[PDB]
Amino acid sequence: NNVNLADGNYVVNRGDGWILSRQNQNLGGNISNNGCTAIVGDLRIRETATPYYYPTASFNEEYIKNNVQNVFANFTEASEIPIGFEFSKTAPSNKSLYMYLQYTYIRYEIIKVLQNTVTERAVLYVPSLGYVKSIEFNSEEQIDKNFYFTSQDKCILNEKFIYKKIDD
């Protein structure tokens, strides 16, 4: 929780590749076998690509939005233009392949700091792209709970901390 920077408010890019807790399988999954190539994708548009604001007393949604879109990517303007992504994997011979899709996100924070630690923190998740997990299976095989389910938000890439001081 320690942060080595001066007193004041900051907007920070925490990076791409964040996935959210409990929504692992919301988009569904895909089953194939015996050398079949399975493909899953999505053309994200505004009606299915919803940003998640977790605001705070001093930092409301409009405040998060304007400061993020001024320094980093304007996700409102970008949302008007459909963009596709897809993943493919070939099922192995004589075995079955399961493959499920979930949205990835850019995590943004707006933090207040007193020179030792973050005092306040609002969070914004902007829809980015997607991520597939796959597993080989058969009907008799039990598999790890944690494959299907993420209990805490995490980043499948390396986390980042790129900062700008608001009202310097």
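Superpose the two forms; the largest set of C-alphas matching within 1.5 Å is the rigid core. All residue numbers are counted from 1 along the displayed sequence.
Original post:
Relative to the presented form, and with the rigid core used for superposition, do the C-alpha atoms of 64-72 or of 43-51 deviate more in 5 other deposited structures of this protein?
Top reply: Once the cores are fitted, 43-51 deviates more in 5 other deposited structures of this protein.
Original post:
Comparing 155-163 with 21-29, which stretch shows the greater average C-alpha B-factor in the deposited entry?
Top reply: Higher mean C-alpha B-factor: 155-163.
Original post:
So which stretch wins on mean C-alpha B-factor, 104-112 or 129-137?
Top reply: On average, C-alpha B-factors are higher across 104-112.
**OP:** Tell me, please, which of 40, 124, 36, 118 has the highest C-alpha B factor according to the deposited entry?
**Re:** Among 40, 124, 36, 118, the PDB entry lists the largest C-alpha B-factor for 118.
**OP:** Among all modelled residues of this chain, ranked by Cα B factor, put residue 57 in the bottom, middle or top third, i.e. lowest, middle or highest.
**Re:** Highest third.
**OP:** Within this chain's modelled residues, let me know which third the CA B factor of residue 68 belongs to: lowest, middle or highest.
**Re:** Middle third by C-alpha B-factor.
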